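Fold and contact review
Here are the chains, one letter per residue:
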Amino acid sequence: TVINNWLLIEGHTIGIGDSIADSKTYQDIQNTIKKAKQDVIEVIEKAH
Amino acid sequence: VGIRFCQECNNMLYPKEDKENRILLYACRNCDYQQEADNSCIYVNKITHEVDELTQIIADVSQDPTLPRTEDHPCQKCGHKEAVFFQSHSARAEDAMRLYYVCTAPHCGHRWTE
Ligand SMILES: [Zn+2]
Ligand SMILES: [Zn+2]
């Protein structure tokens, strides 16, 4: 009871802004994915 | 290693032993036919079966639009730039991810593995 009635004051939510990171983080994630793709391509070629 | 057929009833020749001369004979049991066995070997068993796939690879595979092709590795015979490559494509091939290239361009049909 007391915690719900305090959240009546503070409030809680979820939104689009909660599901997006900074542009630097997006660039880092893209760089990591590109590096992973390059490494797996190199592994495929080495196995070939 | 192979199978030889009779010429009278066209049945299968089984190996027989010529007791009097001590030579391998192929004698059909459907009739009385007996023939001299040239190879002197009957059965060969490659249980590890180090078989070459390019002998089982047909040239028209190069006509497949669903197969990848690179200009990196040229043909040995005709030196054509573009060649289609694919894996073993065969079961019980042990553990093999090696590449079997087939040269494109008509009437070439050359194949090679690297
Ligand atoms: Zn016969
Ligand atoms: Zn060629």
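Residues numbered from 1 in each chain as written, not as in the entry; some residues may be left out. Chains lettered and ligands numbered in written order. Part of a larger assembly, values for the part shown. Heavy atoms only, no water.

Examining the coordination of the zinc ion (ligand 2)
All names here are of chain B. Note the cut-off: Only nitrogen, oxygen and sulfur atoms qualify as donors, provided they sit within 2.8 Å of the metal or within 3.2 Å for Na, K and Ca; with water excluded from the atoms, sites may seem incomplete. Partly exposed residues are those whose accessible area sits between 20% and 50% of the maximum for their type, while under 20% is buried and over 50% is exposed, using a 1.4 Å probe and protein chains only.
Those donors, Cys75 (SG), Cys78 (SG), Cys103 (SG) and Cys108 (SG), are the protein atoms that reach the zinc ion (ligand 2), and they lie 2.3 Å from it. Taking relative accessible area as the criterion, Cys75 reaches 6% and is therefore assigned buried. For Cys108, a relative accessible area of 17% translates into the label buried.

Here's the deal with the sheet that holds strand β6 (residues 100–103) of chain B
All names here are of chain B. The condition that has to hold: By the convention used here, strands pair only if DSSP detects at least 2 bridges between them. Helix and strand definitions here come from DSSP, where helices need a minimum of 4 consecutive H or I residues and strands a minimum of 2 consecutive E residues; each element is numbered from the N-terminal end.
Across the sheet, four strands lie side by side as β4-β5-β6-β7; this open sheet has antiparallel pairing. Because the sheet does not close on itself, it has two edges, and the strands there are β4 (69–70) and β7 (111–113). For strand β5 (residues 83–86) and β6, the ladder comprises four bridges, and the chain directions are antiparallel. Bridge pairing in β6 links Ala83 to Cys103.

Some points on the coordination of the zinc ion (ligand 1)
Residues and elements named next belong to chain B. The criterion, for reference: A four-donor site is classed as tetrahedral when every donor-metal-donor angle falls between 85 and 135 degrees; four donors are called square planar, and six octahedral, when trans pairs exceed 155 degrees and all remaining angles lie between 65 and 115, with any other arrangement labelled irregular.
Every protein donor of the zinc ion (ligand 1) is accounted for by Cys6 (SG), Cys9 (SG), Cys28 (SG) and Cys31 (SG), and the metal-donor separations fall at 2.3 Å. Here the zinc ion (ligand 1) is ringed by four donor atoms whose angles at the metal span 106 to 117°, and the overall shape comes out tetrahedral. For the zinc ion (ligand 1), the single-chain donor residues occur in sequence as C-x2-C-x18-C-x2-C.

Remarks on the domain arrangement of chain B
Put simply, the rule is: In this document the domain limits rely on a domain assignment from an automatic tool or a database.
Partitioning chain B into structural domains gives domain 1 (1–45) and domain 2 (46–114). When each unit is reduced to the centre of its C-alpha atoms, the spacing between domain 1 of chain B and domain 2 of chain B is 38 Å.

Comments concerning the side chain of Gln35(B)
All names here are of chain B. Applied cut-off: Pairing of N or O atoms within 3.5 Å defines a polar contact, subject to two protein rules: one partner must be a possible hydrogen donor and the other a possible acceptor, and residues neighboring in sequence count only if both atoms are side-chain atoms. Note on contacts: a residue pair qualifies if any of its non-hydrogen atoms lie within 4.5 Å across the two residues.
Within the secondary structure layout, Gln35 lies in strand β3 (residues 34–36). Classification of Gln35 as buried rests on a relative accessible area of 18%. Reaching out from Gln35, the side chain makes a polar contact with the side chain of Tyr33 at a distance of 3.2 Å. In this structure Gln35 touches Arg4, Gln7, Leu13, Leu25 and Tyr26, once residues within four positions along its chain are discounted.

Side note on the packing of aromatic side chains
Residues and elements named next belong to chain B. For clarity, the threshold we go by: Only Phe, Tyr and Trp rings are paired, with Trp represented by its six-membered ring, and only when their centres lie within 6.5 Å; those with planes under 30 degrees apart are stacked, over 60 edge-to-face, the remainder tilted.
For the coordinates displayed, the defined rule picks out two aromatic pairs over all chains. Considering the side-chain rings of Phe85 and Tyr101, the 6.2 Å spacing of their centres and the 40° angle between planes classify their relative orientation as tilted. Residue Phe85 is found in strand β5, and its partner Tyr101 is found in strand β6; the two are separated by 16 residues along the sequence. Each member of the pair, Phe85 as well as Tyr101, is classed as buried. Grouped by ring-pair contacts, the aromatic residues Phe85, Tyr101 and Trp112 constitute a single cluster.

Section: helix α1 (residues 2–10) of chain A
With respect to burial, α1(A) is a largely exposed element, only zero of its nine residues being buried. Positive backbone phi, approximately 85°, marks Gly11(A), located one or two places after α1(A).

Comments concerning the pairing of β6(B)
Residue and element names in this part refer to chain B. Judged by which residues are buried, β6 turns out to be covered on both faces: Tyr100 and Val102 on one side and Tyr101 and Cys103 on the other are all buried. Summarising the sheet, β6 and β7 pair through three bridges and their orientation is antiparallel. Bridging from a neighbouring strand, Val102 pairs with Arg111 of β7.

Here's the deal with the nonpolar core
Residues and elements named next belong to chain B. As a reminder, the rule being used: As used here, the term nonpolar core means buried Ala, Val, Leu, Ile, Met, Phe, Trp, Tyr and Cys residues forming a set that is joined through side-chain atoms within 4.5 Å.
In terms of nonpolar packing, the biggest core is built from eight residues, these being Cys75, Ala83, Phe85, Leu99, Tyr101, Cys103, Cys108 and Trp112. Contributions of two or more residues to this core are made by β5 and β6. If sequence neighbours within four positions are ignored, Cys75 has contacts with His80, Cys103, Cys108, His110 and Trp112. Among the nonpolar cores identified, the runner-up in size contains seven residues, and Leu54, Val84, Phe86 and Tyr100 belong to it.

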